[PDB]
Amino acid sequence: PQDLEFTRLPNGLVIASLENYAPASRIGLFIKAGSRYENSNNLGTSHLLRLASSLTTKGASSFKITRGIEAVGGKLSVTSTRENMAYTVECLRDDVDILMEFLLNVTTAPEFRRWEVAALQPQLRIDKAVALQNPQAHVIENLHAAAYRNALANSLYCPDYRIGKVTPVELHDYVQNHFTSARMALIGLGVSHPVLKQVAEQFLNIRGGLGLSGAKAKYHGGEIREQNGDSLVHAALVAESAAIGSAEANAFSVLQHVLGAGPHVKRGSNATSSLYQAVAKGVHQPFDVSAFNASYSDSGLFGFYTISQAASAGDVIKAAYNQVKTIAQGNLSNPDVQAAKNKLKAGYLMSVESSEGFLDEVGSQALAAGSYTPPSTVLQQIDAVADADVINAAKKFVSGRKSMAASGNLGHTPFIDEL
Amino acid sequence: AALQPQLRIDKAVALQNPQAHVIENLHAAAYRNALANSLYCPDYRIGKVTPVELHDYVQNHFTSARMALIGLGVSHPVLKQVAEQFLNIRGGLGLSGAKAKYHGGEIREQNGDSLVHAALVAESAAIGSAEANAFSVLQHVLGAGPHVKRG
Amino acid sequence: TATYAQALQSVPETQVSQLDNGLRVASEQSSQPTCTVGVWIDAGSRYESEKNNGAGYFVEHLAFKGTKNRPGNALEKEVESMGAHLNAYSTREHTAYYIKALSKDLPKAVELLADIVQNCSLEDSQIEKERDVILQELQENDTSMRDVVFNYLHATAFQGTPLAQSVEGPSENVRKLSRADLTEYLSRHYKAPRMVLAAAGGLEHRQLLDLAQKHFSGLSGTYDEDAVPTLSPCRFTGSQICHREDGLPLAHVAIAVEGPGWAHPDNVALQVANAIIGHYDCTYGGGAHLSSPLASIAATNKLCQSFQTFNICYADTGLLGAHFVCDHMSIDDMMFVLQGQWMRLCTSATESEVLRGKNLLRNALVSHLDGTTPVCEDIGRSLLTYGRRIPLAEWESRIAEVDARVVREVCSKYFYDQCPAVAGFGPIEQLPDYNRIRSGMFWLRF
Amino acid sequence: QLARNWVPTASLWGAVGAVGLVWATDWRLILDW
Amino acid sequence: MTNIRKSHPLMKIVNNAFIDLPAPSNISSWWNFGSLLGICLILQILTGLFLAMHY
Amino acid sequence: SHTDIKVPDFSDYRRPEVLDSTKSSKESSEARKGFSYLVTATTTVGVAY
Amino acid sequence: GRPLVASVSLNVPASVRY
Ligand code: HEM
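In the PDB archive, cryo-EM is given as the structure determination method for this entry, at a resolution of 4.6 Å.

Here is the structure:
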């Protein structure tokens, strides 16, 4: 029905809402406090904080919550990343208000009881373990550790020596410092603006204070290698791209879909991807190659994450890597550019359609921009990408300092000096 | 197989002095191929030791060219007798393919302990040189072992 | 605005159409720039013979490998041209080709999707490329304890019917399979009325039906006989199977009892029960305060790492039962505390607890309808299943049927004093001998 | 909690005892056949 | 062992020396004389008693 | 691989009421069990007297 | 590639993504 209405407050906390036809009614709350805000002695907090949502509020016992939510048949979620933690909550058309009532108490009115914290400690290992079964996880978290110094290198998970080290104070301080009414965004979906507009101004107005931005992340060289028994090497090779919110940040997204291969056809080895094809010719039986691009506020990284066997690992990299040079040499096809941009438009629009998927991208703009951009504008911004720009941008990757991480049997692995 | 669990018990009591654990990282930073190898068995490798691996590494790097037998308090001839008998095998020898190829790098690690350790190293020269002698001169100028207790 | 009852009422309704040779059409309009176009065939495994066994999953690969008009890897480069993703998957009762794409390129979409369904280049160059990939997948598929243990479960309960067999079939057929049978299998099962077209997105109906039309009006897609319909009820064999292997760390179990088919009133009542007993996993933020009586207990002592209840309904038949993992010293204590639940339902159930079950179903049913494809995917199977019916608002009306006496009259049928089907995968050893379980289904009032 | 079942069941077991209890001793009685 | 009635009086865990006592599969009838001694013993003591009252 | 398993025939041991492959067990089921218990409950009569 | 990654704790389900 009506389109996006987003309303600043005097407090600075953005709110926005739509009115849907569906019995589906969901709310979300975004906050700027991610991993990058954990400090040296402060480590592992966020990864605990994210498990504590069921603990006792100020007003309501932890029991009444959990039985309460399920009786309604609601659902509560939590999500983190290197940047923005988001408490998502969803229920039926009718009951939202009781559930809108709890959402505040959790983030508004925390209480951490030392006897209710200590019982939760062992949970981390159980959590940490099931996360790293996919080493494609465990490769990444090493990567950031190689490519930075101060901030972004922080883990999304709690290092092990740090386990018994989490005191309630540490929590109770990190609560109030990085939670504030300037840094928060509340987003409804199926609910009328005014009802949403009412309660938010009441409870969520606190200070002031602290956004402390002191993280410039200072991209800086490095590499990390690791030797395990597994028979399949993984590899990442990355150079520094530019920050989010730039035609470059747009340009790289163009560049990946040229090379970057997600499977578009089940079991189909992607022939449109020059990269995976440029390799497979001169090489042998299983392997995989994909471009890897992610961008954050102050900076973003670009590279390609590969998988092979121990023997081929040496060639796979050199083969794929020089293939990029070819593009940096001016070799290009405007149809592919025209083809890629089509994929991008495709990849983006199909990504948004789902409510949840839609819901995330809403506030993603909010904490960053504070406005909303209709997808049309995105589209018109997409095609603005110049050809030489793409080339010139890729000329930055090859021409600049690089980093690496590898986990597995390394016997044949090249180093960054041989590249 | 019965001896396997012994390693962990051995490995543990070794690293209580991190002045150990700093070093073994160091070589890993300053080389590529050979010297970087540990004196201890990495953990994923524990259950991985087959007798064959042993029984091969026995005969390859043991040989009568590479061995030296030294007595102290015993007459030469008695010593001289038995050695020629048993210890004469091959041949084969010596697999020198390690040039160690000094190469840059560094390693950093974050633990909870409140006392940082640090090493800073550049490549000196090989043993058996006036330089290898010269460095030994250079250390005792700067290099401090305690010569006076508590001093 | 929208109130819970009102929100049901404004939805784009089902559209339906016929062609002459028995093909069907259907659609919905979401006012959306993207669209799912697909095909849903009822040709399953339970049709296939003992020699043809596995051919279906075999065929499933070749379609995208190039075809009559567009040889090998000329096809894909057009799909990647559009940037549209492309997908296919199989199931014992169904096979599905479908595409997610912009509403714009639809003219090629069908005409592409059209060709693949019937005209397929069959070249033994591809076959031997294929016959490895499968003989690659079979031996690996041991690695996933889950998918295996089910293949135990069917074979042990249904033994002696075409439904009792693997999807991919035993390995030996994969070797011997020649494209003669395929063409025969192709010829038999791909005619309409079997086939069904569907879609949802910016499409409406008309603008589809004209470009439904001409091949396939069509390449037929025929209607003659192929007898009718190769189908026949299946027996239920109360049995057991144990693959006892003491190496592995953990021991799976699956227990099940047979249940009704797709279209049937009791299909709703049982949907709700398995919501009430609920499910637990290692990693939830639930804790020891959860409501599900097996999510409170088995979380307390971690009697079992995780378990979920499944519900599967075939044409004339359905399966009810759970799937749980636990360490070997612990396996007994699950089985008892499990049979506590089913048996306290069939007698002692209660009005209040019903609600928390009833609500969740309304929740999941609706949230299942977000997104283009999940809607379309539903439409596909529905037509083959219940007929045209997409009784969205009616669901709610069917729910309020559920009452205390509804449940306990329903579950009294299928649970109390039956013959279960147990299938397990080692270190099973402590799992009690059969005649315990059968003696644990029926309270003596203890 | 207003127990729904177990009102029917107990009523049977009440007979099960008494009927049985009549059968153990069973002195005076009405029917024979 | 959640609400298993076999723990709660301890004496019943002593009574899982019977019920779950694992046994071989193949056992000839010749092993029935394990029990039939016991029952021939009990049946004595009673019938052995009600003689005493009049002896 | 694993799927090579296939269940042997127990037909000799069954009783023909369930013998057919194409039939619903639920038709015979009612009586099929109804006999077995009749054995048990009958037995207890004897012990009782 | 990856998002890069994510994590989902919550209550009723649980998982990780990329
Ligand atoms: C292993 C247990 C027992 C054995 C093998 C046993 C054996 C016997 C035998 C062989 C006789 C003589 C039979 C006869 O005279 O006709 C007898 C008599 C008797 N037994 Fe036992 N008896 C046992 C237990 C008992 C017990 C537990 C009692 C008392 C509670 C008991 C009380 C008597 C008496 C009073 C007699 C004399 C009655 C009679 O012999 O007519 N016996 N018993």
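Further remarks concern the interface of chain A and chain C. Facing 38 residues of chain A, the contacting portion of chain C comprises 39 residues. Taking both sides of the interface into account, the surface hidden between chain A and chain C amounts to around 3,600 Å²; carbon and sulfur atoms contribute 56%. Summed over the shared surface of chain A and chain C, the number is zero salt bridges. For the pair chain A and chain C, the interface holds 18 residue pairs in polar contact. Secondary-structure elements contributing two or more residues to the side of chain A that touches chain C are α2 (62-72), α5 (123-131), α12 (334-352) and α13 (355-368) of chain A. For the side of chain A that touches chain C, the per-class residue count stands at 16 nonpolar, 12 polar and 10 charged.

With that settled, the discussion passes to the side chain of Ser308 of chain A. In this structure, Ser308 of chain A sits in the loop between β10 (300-307) and α11 (313-328). Setting aside its immediate chain neighbours within four residues, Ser308 of chain A contacts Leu232, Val233, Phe287, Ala313 and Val316 of chain A.

Moving on to the UniProt feature "transmembrane region" in chain D. In this structure's numbering, the residues bearing the UniProt feature "transmembrane region" are residues 2-24 of chain D. Along residues 2-24 of chain D the backbone is 78% helical and 0% strand, and the end-to-end C-alpha distance reaches 35 Å.

Ranking the eight pairs of chains in contact by number of contacts places chains A and C first. Nowhere do chain B and chain D come into contact; their C-alpha atoms are at least 55 Å apart. A minimum C-alpha distance of 31 Å separates chain B and chain E, which share no contact.

Attention now goes to the site of the ligand. Around the ligand sit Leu41, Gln44, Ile45, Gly48 and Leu49 of chain E, and that is every residue in its neighbourhood. Taken together, the residues of the shell around the ligand sort by class into three nonpolar, two polar and no charged.

The rules behind each value
Residues numbered from 1 in each chain as written, not as in the entry; some residues may be left out. Chains lettered and ligands numbered in written order. Part of a larger assembly, values for the part shown. Heavy atoms only, no water. Residues with missing side-chain atoms left out of burial classes, pairs and counts. Contact = heavy atoms within 4.5 Å. Buried area = accessible area lost by both parts, 1.4 Å probe. Salt bridge = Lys/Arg side-chain N within 4 Å of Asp/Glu carboxyl O. Polar contact = N/O pair within 3.5 Å; in protein donor to acceptor, adjacent residues only side chain to side chain. Helix = DSSP H or I, 4+ residues; strand = E, 2+ residues; numbered from the N terminus. Nonpolar A, V, L, I, M, F, W, Y, C, P; charged D, E, K, R; others polar. UniProt positions renumbered as here; feature names shortened; annotations may be inferred. Near = heavy atom within 4 Å.

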